[PDB]
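See below for the structure under consideration.
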Ligand code: HEM
Ligand code: HEM
Ligand code: HEM
Ligand code: HEM
Ligand SMILES: [Ca+2]
Ligand SMILES: [Ca+2]
Ligand SMILES: [Fe+3]
Ligand SMILES: [Fe+3]
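Protein chains in written order, with my numbering: chain A, 11 to 748; chain B, 11 to 748.
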């Protein structure tokens, strides 16, 4: 309570109206989803696959890499072409030849211009029709379409089967040699690729958009952005520029501490529990050196084929296996960065004593946390090699969906570990607010943050092996755009301000009101901002209305970062003994520079739904993904490491001269391979994706254009700058642990 | 010179690099203009009109209102449809009917869908070809196109002719009854319309865009935006956001006065010259009341036809006359407000004495201005009614182009009056900085601003009666986007800081650096920002490449207006005698609010070239025009009126209770007639313009859709608030002049 009745009500007011908006629209994503047809038949009488064969074909797609091989409805990896827009153009060109063979005498390519436009108008009448029969379950597609589907089916049966004809196209797609040894799996898998491009073509009931909201930009069947799609883009621009101006207008009008001579953390000297965190500062730097070194190993498969300078490590370590470890070990060391600074802050609040069985609680968390890492990395190896039986795949092995690629049995092992980290926080915080005090204001906010950071991983359930892919793309982003983006940015603002409150630099009054205006602004457009990962995947038009207007308000408090980047840096002059923490106070400054240039600048370039239409599935998304994940949550795990290196080894200097290469190799290393080798490839692809089609921007005839070859062979001029910038950090921490 | 060596070098550096970028591209706008063909002939052998007939048709179009009747290439008025898209659609449907009449047996409307798409591909083949013969001067268009042009000539001959059949379509376009009594004048005007929509269809040499950069969005002949258009749009967006964030960053990191007891302006008491400004302060409010009444009179012709509750004032006072007066008297009173403020500031700088024959120039300049006003209005009335002979039209009468609609002789009169104001400034300012002092830092900037504001009306020359329309649209925006937008915003910052410096509130050190940091920022994207009025008018793609990217940087220093709207309002508390200037210190705050909400927010909504494509010529442009013209330079001539009411009548109070109404009527009326009756009309026109075509968003089958009728019949509820606010302000000024 206290005098904070205004602030503590407007945070619950945001978390009540902007939290039912994932629930009032969460039923809209379910019952407006593209249905899987019960029976696919031809008009002559034969019966093709049904809804059982599609779902078993989905499990065949998961066993080869899932979204880490080639993207489906845009989301995935960006080397192999998306199989819902590469199946589409190969099916329409098969139809255009089977409708020209009995038209004059020739094919679609050898007709003059006025007569070849009399066939693309017949494509719009058949392929933008023949939807479901209103719970009759039948499809009954045309017999000229039954021959074109079976014609292109033999091309995808020959691509995943070790055939000698399609070499040097399995080399530009970074598929190993087989990718599916069994024969009935890839006969069932390419039935699933039909349904993922059946829904991309058929019209919804009465409207002028498709089931996937007109996504794969194809000039044959008239796939152009909607009328309501362009009108909801210009509304999304005026929300931003009238939000930035009205924030600085209300900031400049509605406004209106001697430091101690000793550091108050060295007066405690707690030996038994906080000395056991030396392992956790090793697991951060061991996974960080392993995660960069995979990056130079998965970017090598982009440039070359599968050679690796002599013998090929391609039948053991293919592209979709080294990419799966590159994302998954990245989310671990960001997670165990906060887990070190979380458990360090547990016994420091309740005086300087530990709870009962605290060191016994820490020493069994770490050996269960390392059980998951080397336990999930075996499941990826025994599933992409296709050794494990396919019925037991989802539980241990490989899930298929990116950012949740650890198996279901191992996924409980990550959820049980953070839930065990939850009770080790609450046993050390309930003797601090259940005591009769009157200053439990920051402690009540931090209690709500630790309760939310460990229970929002549980939304990674509610989807199993065989549920509908629109349901698998709704609960998946609840832990990527709400647990990594949202609630890692609440816990890293309070616990950041809790340290500056304890050292005696902020006066605990402007450390709480600054942590409820910077905890409700990030949540105003953060919980209903989940929906900008669900534009073109089985949704209606109001889903891009909630996710393009209420998503610009998480770009409003990110551009204005002059404050909270100077008043976290001018704390250096407030004490003579703030030279010992100079380098953590330089990492919490370069968090702010990449929270406006990775989340604000490069994050709004792809936000409005006319410019996510042409960009979704290109090389402009890993510009935003590399910069907003290492820049914002990747310098916090290195700011909470070189701070926790102090107070547990308070005798070793940080050795400047090494840190000036360990800090200025991460910044300039990240801003040189983005602005030379990932951004200009993302604009040659954008110039082709809006001119010709979506299939043209990922086709292998385009990605070997002799200008996109010299623009990814120049990744290595920035890769080795990042490499030595990462080695100089881990050599410091290993030297610091002695 | 002095300690200001950095700023006074970077301002000349900006005005040196961003000023050759107008000349080196003005050469490109000249030598890449769409040529007028020397001879138009048919393929059978006959000879149609030539280029002289096209130029006489241009003069005939000028004689009836010019751009105030119906827009040409988007620029103009927004009631009658743009003739270069309406002519285009009528000519294309005439060609489709003449090519279907000899195809099977029917027309384009009564053909099935696959066979009517075999004629639009022939429209794409014939109409996107047959350009000029490489300076051969001939056209030699197809005889079917000759028959289609001769067929659609008769409708536009019948529309401007008093013909009975075409009533109640001459009433929804607000044309009086005749608009052209002579017959050869409209017979040549139709040929001019043929030229201005011939340039909208033909392909440039080798490229894939037209001469007017693919402008009139027509799905028949494939008029869709380019790829480089969309690429420069996304580049413009990232330039804006990366500008705002870096400006706030470098503001927050790179930083580092007793008031007197008496007002220092009442200590001078200069009686002979400054008492002669009552005529100017009466002329400002007289033209302001007359202009608001003309605005209320010209919006009635939108809602009703030409009735005016009984007898019609339509053959004497048509829509074109009242619209021309509504723009021109607005520009006149906005100019003479600054003129009176500068002439007040003239003798105060050189101590408290006047130059020789100072009262005589003031006493003749007022009668010269009022002579120019009544002669221009008499010329408009005697030119639109078609009484004055067509040989003598451009000199006195009506020019045709909007914002320069006063005739050439009256234009020389206005330029001579502003030059007389210039020499009256320089005869009073040169004995103040030629004295041996060391404080001529602000006065040099003010002298350069006076030399800028008084000379660049002279770029309204260099185009006469018969030059090419791309040349007439290059020198026209040199006095609308560089003399009104740019150099009225330099003269209003230095004079404001000079007044706040002379009064003894700022310390003259932060009044100079803040008047070059806020004079070099507005000029970085202001002089090469002219080019966003020249996207789709006879230009190439480098012109929009300059005018998007280098124009987003004049939106960057406008959103951040928390500073320069609080440090100009917190000057009120610095003295007890700053209650006498309370209302100018609210006008100079409403200037900042509408400068961020009419130039930033609603001004960037229409800026990027993919969203100016569908918007150019709609009801979203008068939103930005009414907001940024009365909001920024309209409260400035009401701040410099109620400040100059002090120090010449320093005995009459401002009478609060009336000033609250005269402020919060203007603000609430301008913010309520924009957000109710001009913004959703603009959004409905945007939706229909991006769905169907450009002809559909201005057609009279669409602008009576029964929802656009109730959305402009609610203009009056915002009109009467603005009306009563204007009446309260003028009755206050008339009561104060006694
Ligand atoms: C020198 C440093 C790095 C290199 C060479 C590298 C390599 C790569 C490459 C080539 C991709 C593109 C994969 C594809 O095309 O499908 C990628 C994706 C990704 N990287 Fe890195 N990486 C580096 C640093 C990092 C770091 C430090 C992190 C996080 C802690 C990270 C997180 C990610 C993520 C999340 C993706 C997935 C993007 C997406 O699929 O949309 N990267 N990495
Ligand atoms: C602040 C921390 C942020 C993080 C950690 C983050 C992380 C990510 C990642 C890793 C992806 C790639 C997902 C994938 O490959 O499937 C992504 C995509 C995306 N992000 Fe962010 N992001 C952040 C901020 C933002 C912001 C502020 C916006 C504002 C509009 C935004 C808009 C988007 C959009 C539209 C996509 C979809 C791009 C696509 O699917 O191709 N992000 N985000
Ligand atoms: C109650 C107040 C006003 C009313 C009813 C009014 C009426 C109108 C109307 C209906 C238009 C649209 C003409 C068309 O559609 O072609 C217009 C245009 C315009 N008005 Fe006003 N007006 C008002 C106030 C003002 C003021 C105070 C200014 C001060 C400078 C102003 C400047 C302009 C300009 C420059 C245009 C031309 C916009 C363009 O052609 O793009 N108006 N006025
Ligand atoms: C600050 C003072 C400003 C003033 C006095 C002003 C005035 C005007 C006026 C009167 C028009 C209408 C021209 C016509 O009807 O032909 C116009 C158009 C336009 N303005 Fe502004 N403007 C200002 C700021 C801005 C800014 C900051 C931008 C930034 C991008 C901008 C972008 C545009 C564009 C693109 C158009 C063309 C719209 C069209 O032709 O339909 N304006 N301006
Ligand atoms: Ca991805
Ligand atoms: Ca206009
Ligand atoms: Fe997101
Ligand atoms: Fe402009």
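A virtual CB, placed ideally from N, CA and C, is assigned to each residue, including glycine.
Min CB distance residue 242/B to chain A below 7 Å: Translated into positions along the second chain, residue 242/B becomes position 232. Chain A contact via Cβ: absent.
Whole-angstrom distance between residue 83/B and residue 206/B, CA atom to CA atom: On the second chain, position 196 is the one that residue 206/B refers to. On the second chain, position 73 is the one that residue 83/B refers to. Looking at the two C-alpha atoms, the distance is approximately 8 Å.
Report the option in 275/B, 702/B, 525/B and 406/B whose CA atom is closest to the CA atom of residue 474/B. Numbered from 1 along the second chain, position 464 holds the residue referred to as residue 474/B. The shortest C-alpha separation from residue 474/B is found at 406/B.
Roughly how many whole angstroms lie between the Cα atoms of residue 297/A and residue 342/A? Residue mapping note: residue 297/A aligns to position 287 of the first chain, counting from 1. Residue mapping note: residue 342/A aligns to position 332 of the first chain, counting from 1. Roughly 8 Å separates the two Cα atoms.
Could you confirm whether any beta carbon from chain A is found closer than 7 Å to the beta carbon of residue 274/B? Within the second chain, the letter at position 264 stands for residue 274/B. Not closer than 7 Å to any Cβ of chain A, the Cβ of residue 274/B fails to qualify, so no.
Closer than 8 Å, Cβ to Cβ, to anything on chain A: give me those residues from the segment 698-720 of chain B, in chain order. 700 and 701
How many Å lie between residue 552/A and residue 709/B at the Cα? Stepping through the first chain from its first residue, residue 552/A is reached at position 542. Stepping through the second chain from its first residue, residue 709/B is reached at position 699. Their backbone Cα atoms lie some 30 Å apart in a straight line.
Check each residue of the segment 242-259 of chain A: if its Cβ is closer than 7 Å to any Cβ of chain B, include it; give the result in chain order. Listed by position, the residues of the segment 242-259 of chain A near chain B (Cβ gap below 7 Å) are 244, 247, 248, 251, 252, 254, 255, 258 and 259.
I'd like to know if residue 124/A contacts chain B, where contact means its C-beta is closer than 7 Å to some C-beta of that chain. In the first chain, residue 124/A corresponds to position 114, counting from 1. At least one chain B Cβ lies under 7 Å of residue 124/A.
Would the C-beta of residue 491/A count as close to ligand 7, meaning under 6 Å from any of its heavy atoms? By one-based count along the first chain, residue 491/A stands at place 481. Yes, the Cβ of residue 491/A comes within 6 Å of a heavy atom of ligand 7.
Please check the pair residue 53/B and residue 153/B, which I expect to be a contact at CB under 8 Å, by giving their CB distance rounded to whole angstroms. Against the second chain, residue 53/B aligns to sequence position 43. Against the second chain, residue 153/B aligns to sequence position 143. Going by Cβ atoms, the distance from residue 53/B to residue 153/B rounds to 5 Å, so yes, they are a contact pair.
Going by CA-CA distance only, name the one from 476/B, 496/B and 139/B that's closest to residue 462/B. Against the second chain, residue 462/B aligns to sequence position 452. It is 496/B whose Cα lies nearest to the Cα of residue 462/B.
What's the gap between the Cα of residue 536/A and the Cα of residue 491/B? Stepping through the first chain from its first residue, residue 536/A is reached at position 526. Stepping through the second chain from its first residue, residue 491/B is reached at position 481. Residue 536/A and residue 491/B: Cα-Cα distance of roughly 40 Å.
Residues near residue 238/B in its chain [Cβ-Cβ closer than 7 Å; skip 5 each side]: Sequence index remark: in the second chain, residue 238/B carries index 228 (1-based). Excluding positions up to five away in sequence, the list reads 551.
May I have a chain-ordered list of the alpha helix (DSSP H) segments no shorter than 4 residues that lie completely inside the segment 645-700 of chain B? 649-652, 669-674, 676-682 and 684-687
Classify residue 665/B as buried or exposed, calling it buried when 16 or more other Cβ atoms lie within 10 Å of its own Cβ. Walking along the second chain from the start, residue 665/B turns up at place 655. Burial call: exposed.
Taking the alpha carbon of residue 693/B as the reference point, which residue from 612/B, 670/B, 654/B and 731/B has its own alpha carbon closest? Position 683 of the second chain, counted from the first residue, corresponds to residue 693/B. Here the closest residue by C-alpha is 612/B.
Residue 254/A versus residue 566/A - alpha carbon distance: Locating residue 254/A in the first chain gives position 244, counting from the first residue. Locating residue 566/A in the first chain gives position 556, counting from the first residue. Their Cα atoms are separated by approximately 6 Å.
Do the segment 445-453 of chain B and the segment 375-384 of chain B touch if we need at least three Cβ pairs shorter than 8 Å? no
Give me, in chain order, the residues of the same chain whose beta-carbon lies closer than 6 Å to that of residue 419/A; leave out the 5 immediate sequence neighbours on both sides. Locating residue 419/A in the first chain gives position 409, counting from the first residue. These residues qualify, in order along the chain: 405 and 406.
So is the beta-carbon of residue 617/A under 6 Å away from any non-hydrogen atom of ligand 2? To locate residue 617/A, count along the first chain from 1; it is residue 607. True, at least one ligand heavy atom lies under 6 Å from that Cβ.
Can you list, in chain order, the stretches of the alpha helix (DSSP H) that have 4 or more residues and sit fully within the segment 135-179 of chain B? 153-169
I'd like to confirm the pairing. Which residues does DSSP put opposite residue 99/A in its beta bridges? Taking the first chain and counting its residues from 1, the one referred to as residue 99/A is at position 89. For residue 99/A, which the question treats as bridged, DSSP gives no partner whatsoever.
Are at least three pairs of beta-carbons, each pair with one atom in the segment 596-610 of chain B and one in the segment 571-578 of chain B, less than 8 Å apart? yes
Closest to residue 350/A by C-alpha separation, out of 434/A, 678/A, 483/A and 397/A, would be which residue? Locating residue 350/A in the first chain gives position 340, counting from the first residue. Nearest of 434/A, 678/A, 483/A and 397/A to residue 350/A, Cα basis: 434/A.
How big is the Cα-Cα spacing for residue 159/A and residue 403/A? To locate residue 159/A, count along the first chain from 1; it is residue 149. To locate residue 403/A, count along the first chain from 1; it is residue 393. Approximately 29 Å, taken between the alpha carbons.
Option in 661/B, 200/B and 518/B with minimal Cα separation from residue 267/B: On the second chain, position 257 is the one that residue 267/B refers to. Of the candidates 661/B, 200/B and 518/B, the one whose C-alpha sits nearest the C-alpha of residue 267/B is 518/B.
Would you mind telling me which residues of chain B sit closer than 7 Å to residue 127/A, beta carbon to beta carbon, in chain order? Here residue 127/A refers to the residue found at position 117 when the first chain is read from its first residue. Per Cβ cutoff of 7 Å: 127, 128 and 131.
Name, please, each residue of chain A whose Cβ falls closer than 9 Å to the Cβ of residue 573/B. Counting from 1 along the second chain, the entry for residue 573/B is found at position 563. Per Cβ cutoff of 9 Å: 258 and 262.
Using only the alpha-carbon positions, how far apart do residue 275/A and residue 510/A sit? As a first step, residue 275/A is located in the first chain; it is residue number 265 there, counting from the start. As a first step, residue 510/A is located in the first chain; it is residue number 500 there, counting from the start. Cα to Cα, residue 275/A sits roughly 11 Å from residue 510/A.
Take residue 414/A as the anchor and find which of 337/A, 687/A and 190/A has the nearest alpha-carbon. Here residue 414/A is taken as the residue at index 404 of the first chain, counted from 1. Among 337/A, 687/A and 190/A, the Cα nearest to that of residue 414/A is on 337/A.
Alpha-carbon to alpha-carbon, residue 100/B and residue 106/B: If you number the second chain from 1, residue 106/B lands on position 96. If you number the second chain from 1, residue 100/B lands on position 90. Roughly 10 Å separates the two Cα atoms.
Nearest chain A C-beta to residue 674/B closer than 7 Å, yes or no? Counting from 1 along the second chain, the entry for residue 674/B is found at position 664. No, no contact with chain A.
Buried or exposed for residue 285/B, please, with buried defined as at least 16 other CB atoms from any protein chain shown within 10 angstroms of its CB. Here residue 285/B is taken as the residue at index 275 of the second chain, counted from 1. Residue 285/B is exposed by the Cβ-count criterion.
Residue range of the alpha helix (DSSP H) that residue 3/A falls in? Because residue 3/A is not part of the residues shown, which for chain A are 11 to 748, the question remains open.
When you compare only the Cα positions, how much space is there between residue 457/A and residue 464/A? Counting from 1 along the first chain, the entry for residue 457/A is found at position 447. Counting from 1 along the first chain, the entry for residue 464/A is found at position 454. So the two alpha carbons sit approximately 11 Å from each other.
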